[PDB]
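Protein chains in written order, with the authors' numbering: chain R, 1230 to 1241, 1244 to 1523; chain B, 1377 to 1425; chain H, 1033 to 1051, 1053 to 1150, 1153 to 1229; chain S, 984 to 1032; chain E, 1524 to 1533, 1539 to 1573.
Where is the CB? At the ideal position from N, CA and C, for every residue including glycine.
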Amino acid sequence: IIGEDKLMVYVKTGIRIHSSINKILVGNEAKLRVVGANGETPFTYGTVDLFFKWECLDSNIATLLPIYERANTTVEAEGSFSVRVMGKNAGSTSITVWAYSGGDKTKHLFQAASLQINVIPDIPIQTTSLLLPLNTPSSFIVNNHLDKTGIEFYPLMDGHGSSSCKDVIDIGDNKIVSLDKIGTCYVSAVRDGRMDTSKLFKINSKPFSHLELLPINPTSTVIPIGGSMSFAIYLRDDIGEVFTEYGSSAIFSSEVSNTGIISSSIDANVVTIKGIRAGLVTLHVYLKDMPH
Amino acid sequence: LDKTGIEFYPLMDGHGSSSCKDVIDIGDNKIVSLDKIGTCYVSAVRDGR
Amino acid sequence: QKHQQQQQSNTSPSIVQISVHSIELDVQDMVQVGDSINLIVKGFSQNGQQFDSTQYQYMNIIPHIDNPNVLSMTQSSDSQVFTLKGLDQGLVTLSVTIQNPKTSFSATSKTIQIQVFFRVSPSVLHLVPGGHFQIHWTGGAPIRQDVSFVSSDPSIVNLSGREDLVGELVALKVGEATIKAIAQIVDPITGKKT
Amino acid sequence: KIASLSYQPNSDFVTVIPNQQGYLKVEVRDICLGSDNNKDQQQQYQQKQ
Amino acid sequence: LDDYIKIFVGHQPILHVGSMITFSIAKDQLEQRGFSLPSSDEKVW
């Protein structure tokens, strides 16, 4: 014997909502999920005959949305343990969920305590924006072909002196780089010494707050035996803004609740999965070195 | 953009070139241009954010 | 044999750990509008041993603030020390990230919250008997504050509620009254209202 | 950037001229009598005080 | 030289099954008796 170890299995309790964020901008989203009342993840219950009705107390502040959207499904047709919410108007609204059987939908087995989602107002002035993780280089200047001789870049300080942009980003060799700190920078792109032809942009620097696995233009809620579907991984901040470049530190992992039903493979931020046997399965995905 | 908790801040160049005070004013939820030819940059902030 | 643990060698050696893995922030939690306090950034090793002040000149120290309009920051003439200043009333969440300018490795502090230390609108109201209004207010600490209201004569102007937090008022009789508004915070460690 | 100072040699006073909104802090040193910022002695007393 | 305009934005009743009604208070007769009005949020019914 080279070791012994002891799993405690409890067979028992109830449901709650889960999200890593509860603020959303107008026009942003957040993906919500169910988790159990002991702590049961969709990896320990998600394949069972459980059907989830979701609801929102006002749908004008924020709306629910389905996961397999582009197949023309609805949240009531999905019955899913995970759903989306999109911000429409500023204010706080509350979301509730009930668990039924897939066979018995006449009465709920469990109900969650309702989550509030607080939608933040936008400023309706179309402003070129980046959102970068900490300590990370950005290819933006090359990707927009702003490399070209006679283009110039100038960080812009606040009149109260608050934006020391030197503490949030650097700009050199036709690159942008984020630093150790959380903040916002403003920058002008000038050309040929001309302020009248110039342009403006925002750079946010933040940690990742939330993660979302969503299907890349699905034709069904279902994946073929011998065929495959691809899912994109989105990373968001504390207001649902999507990170524009993830850096080389954003390593992903994937886990599978019932082995040999599927195989997974990750490339960049895309999980492609392939059907191998008939059944239900939960796919789990996480940021490797920040597994919360 | 008149709505309570919106804020407006003129943005100066790091070389000090854009004295925006010589090109525009901003008050009473209005913008006004002045006597001079130039360019100004402005942020619209909200709720201190 | 019994006392053998305490005989150190008088030629005490030096030990150098070549590598920041954690950060402490040494600062006050409260500051007045218009005044300043100091923040000291302490960097530590994989073993919890500090780095000397003489090395923070080699460290890329990046501060992080949510609300720079309520509390501002500048770095001092010591790389390890930052000056904070209250600009208006409120709350601000603060952290610091130290990065390694040779390996790109970073460490970040815990987040901390600093508080800066209210008004009513309108300052004068006119009503007819049977008239209703809700008081508006600005500033204070809108993420930690109670606001409670007290009428000088509840028989001229009453408040609507049970606990006088709502700021709704009703004019009952011809007369003149003061409603005092009071913004208060509970200390989350001592339970003390301030 | 908030306000300019202006004073003459051996003046009792300084004039403040406003440049931007915010908070100026103004400080003064005595050239014959110094300042009570004698930090050496402050380190010993902190252990008791 | 001023003027004013009122703008609206949108006892023992006998009713029908499935019908709807809004109940109201003589605010004006609380006021004429020195009683205050309820607030917008007040659970008075």
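- Under DSSP, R1154 (chain H) takes part in a beta bridge, and its partners are H:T1173.
- DSSP places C1396 (chain R) in the helix class (H, G or I) of the three-state scheme.
- According to the DSSP assignment, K1406 (chain B) belongs to the beta strand (DSSP E) that extends over 1406 to 1409.
- Excluding its 5 nearest sequence neighbours in each direction, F1282 (chain R) has C-beta neighbours in its own chain below 7 Å: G1310, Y1331, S1332, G1333, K1336, listed in chain order.
- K1529 (chain E) is outside the set of residues whose beta carbon lies under 7 Å from a beta carbon in chain H.
- Annotation for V1487 (chain R): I1493, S1495, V1512, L1514 place their beta carbon closer than 7 Å to its own, counting only its chain and skipping 5 residues before and after.
- Listed along chain S is no residue with a C-beta nearer than 9 Å to that of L1160 (chain H); the closest approach is about 30 Å.
- For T1428 (chain R), the closest C-alpha among the options B:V1399, B:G1414, B:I1400, B:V1421 is that of B:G1414.
- Residue-level contact by beta carbon fails for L1124 (chain H) and chain E, as no gap is shorter than 7 Å.
- Those residues of the stretch 1072 to 1095 of chain H placed with their C-beta closer than 8 Å to a C-beta in chain R are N1093, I1094, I1095, ordered along the chain.
- A direct Cα-to-Cα measurement between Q1113 (chain H) and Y1089 (chain H) gives close to 6 Å.
- For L1363 (chain R), not one C-beta of chain B is nearer than 7 Å to its own C-beta.
- A Cβ-Cβ contact shorter than 7 Å links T1327 (chain R) with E1286 (chain R).
- The shortest CA-to-CA distance from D1289 (chain R) to any of R:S1451, R:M1317, R:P1273, R:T1358 is the one to R:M1317.
- Taking 8 Å as the upper bound for CB-CB distance, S1461 (chain R) and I1447 (chain R) are in contact here, some 5 Å apart.
- From the beta-carbon of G1174 (chain H), no residue of chain S is found nearer than 8 Å; the closest lies around 16 Å away.
- In this structure the stretch 1346 to 1366 of chain R lies against the stretch 1253 to 1263 of chain R, because at least three pairs of beta carbons, one per stretch, are closer than 8 Å.
- Residue nearest to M1388 (chain R) within the set B:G1381, B:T1380, B:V1418, B:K1412 is B:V1418 (criterion: CA-CA distance).
- Counting only residues of its own chain and dropping the five nearest sequence neighbours on each side, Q1169 (chain H) has a CB closer than 7 Å to the CB of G1202, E1203.
- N1193 (chain H) has a beta carbon lying at 7 Å or more from every beta carbon in chain B.
- Among the CB atoms of chain H, one or more fall inside 7 Å of the CB of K1412 (chain R).
- Between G1403 (chain B) and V1453 (chain R), the alpha-carbon positions lie close to 58 Å from each other.
- At a Cβ-Cβ threshold of 7 Å, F1341 (chain R) and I1248 (chain R) do not count as neighbours.
- The C-beta of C1015 (chain S) has fewer than 16 other C-beta atoms within 10 Å across all chains shown, which makes the residue exposed.
- Scanning its chain for C-beta atoms nearer than 6 Å, with the 5 sequence neighbours on each side dropped, one finds no residue around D1526 (chain E).
- For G1424 (chain B), the nearest beta carbon of chain H is closer than 7 Å to its own beta carbon.
- For the options H:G1226, H:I1191, H:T1225, the alpha carbon positioned closest to that of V1209 (chain H) is the one of H:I1191.
- Chain S places no beta carbon closer than 7 Å to that of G1210 (chain H), leaving this residue out of the contacts.
- Between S1139 (chain H) and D1423 (chain R), the beta carbon gap of about 38 Å keeps them out of contact (Cβ cut-off 8 Å).
- In this structure, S1195 (chain H) keeps its C-beta atom at 7 Å or more from the C-beta atom of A1212 (chain H).
- Rounded to the nearest whole angstrom, the C-alpha separation of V1125 (chain H) and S1046 (chain H) is 42 Å.
- Contact check between the stretch 1560 to 1567 of chain E and the stretch 1160 to 1175 of chain H: three or more CB pairs, one atom from each, fall below 8 Å, which counts as touching.
- By alpha-carbon distance to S1128 (chain H), the top candidate from H:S1137, H:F1115, H:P1134, H:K1135 is H:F1115.
- Rounded to the nearest angstrom, the Cβ distance from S1369 (chain R) to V1421 (chain R) is 19 Å, too far for a contact under 8 Å.
- In the three-state reduction of the DSSP assignment, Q1108 (chain H) falls in the strand class, which pools E and B.
- The C-beta of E1198 (chain H) comes no closer than 7 Å to any C-beta of chain E.
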